Amino acid sequence: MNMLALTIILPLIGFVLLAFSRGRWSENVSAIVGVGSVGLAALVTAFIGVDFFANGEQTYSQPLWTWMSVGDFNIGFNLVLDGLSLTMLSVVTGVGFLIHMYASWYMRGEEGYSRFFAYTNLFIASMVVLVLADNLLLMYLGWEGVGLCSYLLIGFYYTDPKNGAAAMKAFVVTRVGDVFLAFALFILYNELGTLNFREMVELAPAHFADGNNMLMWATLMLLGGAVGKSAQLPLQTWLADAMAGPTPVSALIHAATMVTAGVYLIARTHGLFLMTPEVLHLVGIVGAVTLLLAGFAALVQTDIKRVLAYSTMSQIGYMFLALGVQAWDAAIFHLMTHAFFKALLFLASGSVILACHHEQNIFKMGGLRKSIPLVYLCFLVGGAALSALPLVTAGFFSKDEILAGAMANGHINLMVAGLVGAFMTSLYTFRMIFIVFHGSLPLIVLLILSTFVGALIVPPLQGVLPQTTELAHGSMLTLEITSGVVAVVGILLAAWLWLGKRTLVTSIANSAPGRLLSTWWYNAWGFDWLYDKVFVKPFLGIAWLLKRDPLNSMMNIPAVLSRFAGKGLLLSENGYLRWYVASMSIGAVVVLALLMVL
Amino acid sequence: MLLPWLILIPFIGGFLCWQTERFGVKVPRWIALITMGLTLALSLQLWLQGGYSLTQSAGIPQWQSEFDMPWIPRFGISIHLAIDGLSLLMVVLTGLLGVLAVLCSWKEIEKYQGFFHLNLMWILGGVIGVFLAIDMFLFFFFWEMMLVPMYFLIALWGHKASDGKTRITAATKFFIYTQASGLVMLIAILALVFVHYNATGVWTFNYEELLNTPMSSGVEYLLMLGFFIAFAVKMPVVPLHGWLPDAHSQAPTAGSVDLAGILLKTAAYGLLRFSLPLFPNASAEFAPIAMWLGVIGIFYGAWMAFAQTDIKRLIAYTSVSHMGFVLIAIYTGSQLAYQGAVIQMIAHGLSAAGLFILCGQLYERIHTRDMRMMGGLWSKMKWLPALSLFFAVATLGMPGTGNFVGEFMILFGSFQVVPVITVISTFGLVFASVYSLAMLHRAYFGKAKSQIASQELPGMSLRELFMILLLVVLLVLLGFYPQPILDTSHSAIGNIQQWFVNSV
Ligand SMILES: CCCCCCCCCCCCCCCCCC(=O)OC[C@H](COP(=O)(O)OCCN)OC(=O)CCCCCCCCCCCCCCCCC
Ligand SMILES: CCCCCCCCCCCCCCCCCC(=O)OC[C@H](COP(=O)(O)OCCN)OC(=O)CCCCCCCCCCCCCCCCC
């Protein structure tokens with residue numbers, strides 16, 4: 001457990017070595033360097049977890065150095081480890097190692113092999129810093145590292161400009177979320193005087209006795225940062241746009257690292273949100289709205305990567321729904337299970353893409369369930385895990401825990417949103433599977449982990465997070481059978497609509513309200529159009545207006561006036577003697593008159 | 001006692017650089033390198049000798065090392081130098097940038113390199129004298145003497161691809177702005193001295209003697225306004241900022257000239273050293289205007305930097321935005337904001353120096369500065385695109401680089417005093433990321449939009465790579481371990497802030 005900082009150091013060492021290699025090294029040695037760096041990080045994580053379970057499950061602090069200290073402002077470089085941080089670190093390192101060896105097999109014959117592995121190593125290091133930070137500012141360092149690695153990794157193929165534009169869009173919206181988070185940080189310092197999590201939690205009720213408004217602002221501002229990073233409402237418009245990049249980086253963003261950071265913020269800063277329950281209910285409302293809108297958007301999508309991006313969007317909405325109903329353990333369990341099956345889904349999708357060599361839309365694909373057996377099996381079990389199939393998957397148990405936390409706390413409307421979202425998720429994943437397919441070691445590991453074997457593993461969240469109120473056995477029975485019935489009804493509806501000849505599908509898709517809804521939901525409820533017409537277009541217009549530098553001309557105006565006055569005065573030097581004598585006479589008259597009036 | 005030698009060693013070094021041009025064309029660059037080596041070594045010796053980490057704050061004035069000599073006894077004017085933690089940090093940064101400048105002009109085998117070097121060391125001595133001197137005539141004299149050689153290099157040695165008339169216009173604009181504002185500063189200094197003489201009866205231009213004066217409200221405001229006008233055009237602060245990108249785009253293409261003369265950190269040093277302690281009530285009244293001017297400068301500089309097709313002009317507007325952030329930090333009256341301003345100033349100097357060196361090397365590769373004729377240079381060039389991406393990552397305020405640290409301590413102190421300007425400035429940081437990403441998309445990523453970017457280009461040599469990697473290492477060390485820089489300047493910042501806020 002004393003090697004906690006090695007999980008930061010080793011991916012950093014791999015990133016530095018692969019960045020300064022500059023592609024002179026072979027693919028084999030670069031593969032060993034990157035895969036071994038992430039594997040050593042994962043092994044150190046496993047040893048840390050073993051020693052954590054062998055020491056009585058107590059929190060640990062490793063202060064490396066102090067970052068800054070001006071008077072009362074003391075910020076240090078301290079790492080912390082509890083059950084939540086251990087769970088986050090373990091899932092990040094394990095899924096990153098599987099994705100890294102899949103990329104080592106996958107990215108062969110590509111320019112930028114060492115550069116790609118350097119960027120993913122720095123992404124892993126930033127995520128480890130994010131999950132192992134004692135204070136808010138080191139957490140913010142990991143936050144910015146995650147954002148910069150997202151920019152460097154989404155636009156990996158810099159030759160085509162849409163990848164670069166999508167990377168810039170993703171970095172812009174995530175930096176806006178960073179600014180919201182920075183507002184949270186400034187408010188929390190100005191009110192509490194510290195940025196340590198435990199110290200902020202113990203000192204919050206003492207200072208906010210007479211007024212709980214600035215803490216409400218701080219929790220709302222943390223919510224803004226979380227929805228900035230996790231692609232939630234209203235900063236959600238980067239996922240599907242930036243999902244034109246490569247496959248293993250796509251699985252690394254969606255599964256373990258990036259979209260789980262806001263969930264980690266809501267779970268870690270749970271006490272501050274507990275003294276402001278209105279903001280926590282706002283978290284639940286935003287998560288429910290985003291998951292329903294993600295289901296609506298993925299209903300009509302025609303690409304596999306876009307469908308999976310909106311599916312991850314819905315899963316992060318589910319996690320925020322769990323967090324809003326004070327079900328933290330359910331949220332982290334859903335985080336781990338979703339990491340596993342979404343990594344499996346994206347690796348299978350990349351296998352399909354490299355099997356067909358091109359990003360063809362789903363309607364140009366068919367009869368592939370017999371061409372590739374193994375990829376079909378992996379994609380089937382991943383889709384079943386995402387659809388929450390009862391008694392065989394782990395996402396079913398995770399969503400059941402989420403809905404039990406919603407029921408026992410009294411959130412009926414959020415539960416209704418949850419069952420509707422489960423219906424939507426099952427329907428769209430198997431509509432994509434039935435359109436595509438009708439008409440190895442990481443894959444095996446994730447296939448095992450996406451089943452109930454992943455539900456056997458429980459995060460050690462007892463003692464760090466408050467206990468969610470357990471549902472009664474009868475009520476839990478009705479909730480479980482209702483979730484299963486809605487899920488299998490979704491499976492049967494997708495089977496009825498898309499397996500055979502799609503007659504009821506094209507009849508309503510070709511109608512003018514149906515085509516209007518399809519166009520509305522294909523562009524994600526018109527949010528990209530709104531963000532161009534409200535924020536991007538006036539920015540471009542102001543830039544075009546100001547490119548002349550108007551203030552420079554405004555301060556050059558005295559130079560123009562001086563030049564004009566000088567050329568006007570130079571007309572008096574005509575060179576005539578009689579005009580000179582008349583000018584002396586005029587000046588004599590003026591001087592004498594001015595002396596007479598004074 | 002070592003401060004006069006700190007000022008003069010670049011001057012005598014430049015004198016031997018000019019006189020040794022007869023010995024050979026490759027001779028004066030070596031002599032300039034050695035005299036910057038002695039300057040930087042003496043600055044580091046003062047850093048290790050003064051004992052700055054464990055220094056208590058004794059109030060204004062508390063000088064670590066002082067020197068006094070009469071210059072004009074008729075007016076009571078002294079060559080009076082005084083170094084503290086902040087001035088030491090600025091002198092160390094100045095010597096570092098001078099070493100980087102003399103390294104970045106190493107490939108010049110021209111006929112008149114001796115006068116170019118002589119003007120460079122005179123610029124370095126002038127800015128060092130600005131940082132060290134506290135007497136107002138001597139500070140003003142260094143302030144104005146550091147203009148003539150810089151103007152001469154812009155006019156004579158400048159951008160060869162442009163006509164001489166454009167270089168003449170840019171140099172004349174810069175010199176007119178700086179010298180006229182210096183004249184306004186001289187009026188303010190003279191009026192303050194005359195009021196002190198009327199109140200007491202002693203002829204003195206010394207800094208410590210002029211602090212305790214009966215300052216009527218209305219006169220102190222005018223003196224502060226003149227000082228702020230000078231330090232605002234030399235910061236730069238909008239709309240007094242038009243000279244900066246004109247001087248950058250028409251600078252000599254070596255890139256040493258931008259590190260030497262334009263990249264001064266002297267205006268905010270004068271704001272902390274002269275505008276705030278001499279006029280506490282005037283600055284307390286004036287603070288909303290200056291902070292709103294900083295907001296306007298940040299957003300305006302971001303809007304220019306997004307819309308420029310010239311990369312050097314873009315980095316000039318980055319300098320405008322960062323100095324607007326520092327201007328916001330100065331008039332807040334917070335220790336945290338002042339330390340953040342110091343960290344942001346040092347980090348901006350290092351990051352802008354790296355960006356200017358890389359832009360000069362890139363222009364040497366492609367023979368063009370227009371960003372619309374270049375694209376996809378990541379697969380054509382060896383080391384420069386990655387280091388340029390690192391420095392543009394630094395210039396948007398990224399952790400692991402000192403710009404994030406400086407900006408965030410600035411914003412923490414500001415939000416401790418004023419919330420709305422803090423939130424608007426942080427949205428300005430969003431705009432900073434926007435223009436940094438726009439420059440990286442328009443310069444290095446995409447397809448080759450011409451033929452000069454469609455061919456494989458020669459890589460950097462060992463010297464440019466070594467100085468850029470040294471700048472990278474110093475930026476990383478400043479971003480991750482900013483503590484020794486903080487305790488170096490903890491005393492002077494404490495004295496300035498205490499004089500600012502315990503007097504009101
Ligand atoms: C708290 C723990 C950390 C947590 C996360 C922290 C995140 C914040 C820090 C971010 C740092 C910058 C990140 C972005 C780096 C961009 C540069 C890069 O990746 O360059 C890659 C490039 C190799 O590209 P390639 O395609 O292989 O080249 C072939 C054609 N030229 O490489 C090259 O061409 C050569 C190398 C260029 C520069 C690489 C980066 C240098 C900076 C880091 C190392 C600095 C030196 C180490 C010592 C520091 C002080 C102790
Ligand atoms: C905060 C405001 C109050 C305090 C102000 C304190 C004063 C200092 C700060 C402001 C200085 C402003 C200077 C504006 C002009 C800068 C130089 C410039 O733009 O020169 C352009 C031009 C030479 O360039 P070119 O185009 O080659 O010439 C054509 C050849 N026939 O030049 C020419 O052709 C002739 C240039 C003559 C000299 C410049 C003009 C000076 C006029 C008096 C200004 C006094 C201050 C007024 C208030 C500030 C401005 C509103």
# chains A, B, ... in the order shown; residues from 1 in each chain; ligands from 1
>>> interface_residues(of="chain A", to="chain B", cutoff="7 Å", atoms="only C-alpha atoms", output="PyMOL selection string")
chain A and resi 67-68+70+141+144+158-161+164+168+172+175-176+179+186+190+543-544+546-547+551-552
>>> residues_around(residues="region 400-402 of chain A", least_positions_apart="4", cutoff="8 Å", atoms="only C-alpha atoms", output="PyMOL selection string")
chain A and resi 321-322+327+330-331+396+406+479-480+483
>>> residues_near_ligand(ligand="ligand 1", cutoff="8 Å", atoms="only C-alpha atoms and all ligand atoms", output="NGL selection string")
(:A and (8-9 or 12 or 15-16 or 18-24 or 111-115 or 118-119 or 122-123 or 125-129 or 138 or 141-142 or 144-146 or 148-149 or 152)) or (:B and (378-387 or 389-390 or 393 or 398-401 or 469 or 472-474 or 476-477 or 480))
>>> residues_around(residues="residue 503 (chain B)", least_positions_apart="6", cutoff="12 Å", atoms="only C-alpha atoms", output="PyMOL selection string")
chain B and resi 60+211-212+276-284+333+495-497
>>> write_last_selection(atoms="N, CA, C and O atoms", output="short mmCIF file (atom, residue, chain, number, x, y, z; two decimals), in the first residue's frame")
data_model
loop_
_atom_site.label_atom_id
_atom_site.label_comp_id
_atom_site.auth_asym_id
_atom_site.auth_seq_id
_atom_site.Cartn_x
_atom_site.Cartn_y
_atom_site.Cartn_z
N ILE B 60 7.26 48.03 4.65
CA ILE B 60 7.92 48.87 3.64
C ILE B 60 8.65 50.01 4.35
O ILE B 60 8.02 50.73 5.14
N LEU B 211 7.19 58.14 0.37
CA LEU B 211 5.99 57.39 0.74
C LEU B 211 5.16 58.14 1.77
O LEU B 211 3.93 58.13 1.71
N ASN B 212 5.81 58.81 2.73
CA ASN B 212 5.12 59.48 3.82
C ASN B 212 4.96 60.96 3.46
O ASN B 212 5.71 61.83 3.91
N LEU B 276 1.05 50.94 -6.03
CA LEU B 276 0.31 50.51 -4.84
C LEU B 276 0.85 51.09 -3.53
O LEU B 276 0.05 51.58 -2.73
N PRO B 277 2.17 51.06 -3.23
CA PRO B 277 2.59 51.58 -1.92
C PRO B 277 2.59 53.10 -1.83
O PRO B 277 2.32 53.64 -0.75
N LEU B 278 2.89 53.81 -2.92
CA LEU B 278 2.92 55.27 -2.85
C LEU B 278 1.52 55.86 -2.77
O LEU B 278 1.33 56.88 -2.10
N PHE B 279 0.54 55.25 -3.43
CA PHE B 279 -0.82 55.78 -3.52
C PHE B 279 -1.80 54.71 -3.07
O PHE B 279 -2.43 54.05 -3.91
N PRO B 280 -1.96 54.50 -1.76
CA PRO B 280 -2.89 53.46 -1.29
C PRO B 280 -4.35 53.84 -1.46
O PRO B 280 -5.16 53.03 -1.92
N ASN B 281 -4.71 55.08 -1.09
CA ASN B 281 -6.09 55.53 -1.22
C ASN B 281 -6.49 55.68 -2.68
O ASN B 281 -7.61 55.33 -3.06
N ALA B 282 -5.58 56.22 -3.50
CA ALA B 282 -5.87 56.40 -4.92
C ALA B 282 -6.07 55.06 -5.61
O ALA B 282 -7.01 54.90 -6.41
N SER B 283 -5.23 54.07 -5.31
CA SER B 283 -5.40 52.75 -5.91
C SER B 283 -6.63 52.04 -5.36
O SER B 283 -7.29 51.30 -6.10
N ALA B 284 -6.96 52.26 -4.08
CA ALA B 284 -8.17 51.68 -3.51
C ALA B 284 -9.41 52.23 -4.20
O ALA B 284 -10.38 51.49 -4.44
N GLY B 333 -5.74 43.56 -3.65
CA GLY B 333 -5.35 43.66 -2.25
C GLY B 333 -5.33 42.35 -1.50
O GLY B 333 -5.74 42.30 -0.34
N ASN B 495 4.92 42.89 2.53
CA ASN B 495 5.07 44.31 2.85
C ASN B 495 4.19 45.18 1.96
O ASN B 495 3.54 46.12 2.45
N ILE B 496 4.13 44.88 0.66
CA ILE B 496 3.34 45.67 -0.27
C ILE B 496 1.85 45.55 0.05
O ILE B 496 1.12 46.55 0.12
N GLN B 497 1.38 44.32 0.30
CA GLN B 497 -0.03 44.11 0.61
C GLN B 497 -0.40 44.72 1.95
O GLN B 497 -1.50 45.28 2.10
#
>>> residues_around(residues="residue 493 (chain A)", least_positions_apart="3", cutoff="10 Å", atoms="only C-alpha atoms", output="list in words")
residues 423, 426, 427, 430, 431, 487, 488, 489, 490, 496, 497, 498 and 499 of chain A
>>> residues_near_ligand(ligand="ligand 2", cutoff="7 Å", atoms="only C-alpha atoms and all ligand atoms", output="VMD selection string")
(chain A and resid 555 to 556 558 to 560 562 to 563) or (chain B and resid 165 to 166 168 to 169 172 to 173 176 to 177 180 to 181 184 229 233 240)
>>> write_last_selection(atoms="N, CA, C and O atoms", output="short mmCIF file (atom, residue, chain, number, x, y, z; two decimals), in the first residue's frame")
data_model
loop_
_atom_site.label_atom_id
_atom_site.label_comp_id
_atom_site.auth_asym_id
_atom_site.auth_seq_id
_atom_site.Cartn_x
_atom_site.Cartn_y
_atom_site.Cartn_z
N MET A 555 -6.95 54.50 -31.13
CA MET A 555 -5.77 55.17 -30.59
C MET A 555 -4.82 55.67 -31.67
O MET A 555 -3.92 56.45 -31.36
N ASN A 556 -4.98 55.23 -32.92
CA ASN A 556 -4.25 55.80 -34.04
C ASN A 556 -4.91 57.06 -34.59
O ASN A 556 -4.28 57.77 -35.38
N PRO A 558 -5.49 59.95 -33.00
CA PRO A 558 -4.65 61.14 -32.78
C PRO A 558 -3.49 61.30 -33.76
O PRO A 558 -3.13 62.43 -34.08
N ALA A 559 -2.90 60.20 -34.24
CA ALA A 559 -1.85 60.31 -35.25
C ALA A 559 -2.39 60.86 -36.56
O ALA A 559 -1.74 61.69 -37.21
N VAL A 560 -3.59 60.41 -36.96
CA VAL A 560 -4.22 60.92 -38.18
C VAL A 560 -4.55 62.41 -38.02
O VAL A 560 -4.33 63.20 -38.95
N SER A 562 -3.00 64.54 -36.04
CA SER A 562 -1.73 65.26 -36.06
C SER A 562 -1.19 65.43 -37.47
O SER A 562 -0.71 66.50 -37.84
N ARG A 563 -1.27 64.37 -38.29
CA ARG A 563 -0.82 64.46 -39.68
C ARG A 563 -1.65 65.46 -40.47
O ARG A 563 -1.10 66.27 -41.24
N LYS B 165 9.57 50.07 -44.57
CA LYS B 165 8.59 51.05 -44.09
C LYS B 165 7.71 50.47 -42.98
O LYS B 165 7.38 51.17 -42.02
N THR B 166 7.33 49.20 -43.10
CA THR B 166 6.52 48.57 -42.06
C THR B 166 7.30 48.42 -40.76
O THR B 166 6.75 48.66 -39.67
N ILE B 168 9.82 50.35 -39.86
CA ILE B 168 9.95 51.71 -39.37
C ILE B 168 8.69 52.15 -38.65
O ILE B 168 8.75 52.73 -37.56
N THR B 169 7.52 51.85 -39.23
CA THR B 169 6.25 52.23 -38.62
C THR B 169 6.02 51.53 -37.29
O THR B 169 5.62 52.17 -36.31
N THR B 172 8.56 52.91 -34.70
CA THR B 172 8.20 54.27 -34.31
C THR B 172 6.96 54.28 -33.42
O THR B 172 6.90 55.05 -32.46
N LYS B 173 5.98 53.43 -33.73
CA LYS B 173 4.78 53.35 -32.90
C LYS B 173 5.12 52.89 -31.49
O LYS B 173 4.67 53.49 -30.50
N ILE B 176 7.17 55.70 -29.67
CA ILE B 176 6.34 56.86 -29.35
C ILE B 176 5.43 56.56 -28.16
O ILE B 176 5.35 57.36 -27.22
N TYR B 177 4.78 55.39 -28.17
CA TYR B 177 3.92 54.99 -27.06
C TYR B 177 4.69 54.94 -25.75
O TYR B 177 4.32 55.60 -24.76
N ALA B 180 6.26 58.53 -24.67
CA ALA B 180 5.26 59.50 -24.23
C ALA B 180 4.67 59.11 -22.88
O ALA B 180 4.47 59.97 -22.00
N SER B 181 4.42 57.82 -22.67
CA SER B 181 3.96 57.37 -21.36
C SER B 181 5.04 57.55 -20.30
O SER B 181 4.72 57.84 -19.14
N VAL B 184 4.79 61.08 -19.21
CA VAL B 184 3.69 61.25 -18.25
C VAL B 184 4.10 60.73 -16.87
O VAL B 184 3.77 61.35 -15.83
N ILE B 229 -1.06 54.90 -16.40
CA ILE B 229 -1.06 55.03 -17.85
C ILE B 229 0.25 54.50 -18.42
O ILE B 229 0.25 53.72 -19.40
N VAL B 233 0.28 51.00 -20.66
CA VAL B 233 0.72 50.81 -22.04
C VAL B 233 1.90 49.86 -22.08
O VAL B 233 2.08 49.13 -23.07
N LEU B 240 -4.37 50.71 -24.91
CA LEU B 240 -2.96 51.07 -25.05
C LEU B 240 -2.11 49.81 -25.26
O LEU B 240 -1.21 49.49 -24.49
#
>>> closest_residue(among="B:116, B:499, B:356, B:106", to="residue 14 (chain B)", atoms="only C-alpha atoms")
B:116
>>> residues_around(residues="residue 187 (chain B)", least_positions_apart="3", cutoff="12 Å", atoms="only C-alpha atoms", output="NGL selection string")
:B and (136-137 or 140 or 180-184 or 190-194 or 222-227 or 229-230)
>>> closest_residue(among="A:295, A:395, A:39, A:324", to="residue 425 (chain A)", atoms="only C-alpha atoms")
A:295
>>> atom_distance(atom1="CA of residue 596 (chain A)", atom2="CA of residue 582 (chain A)")
20.8 Å
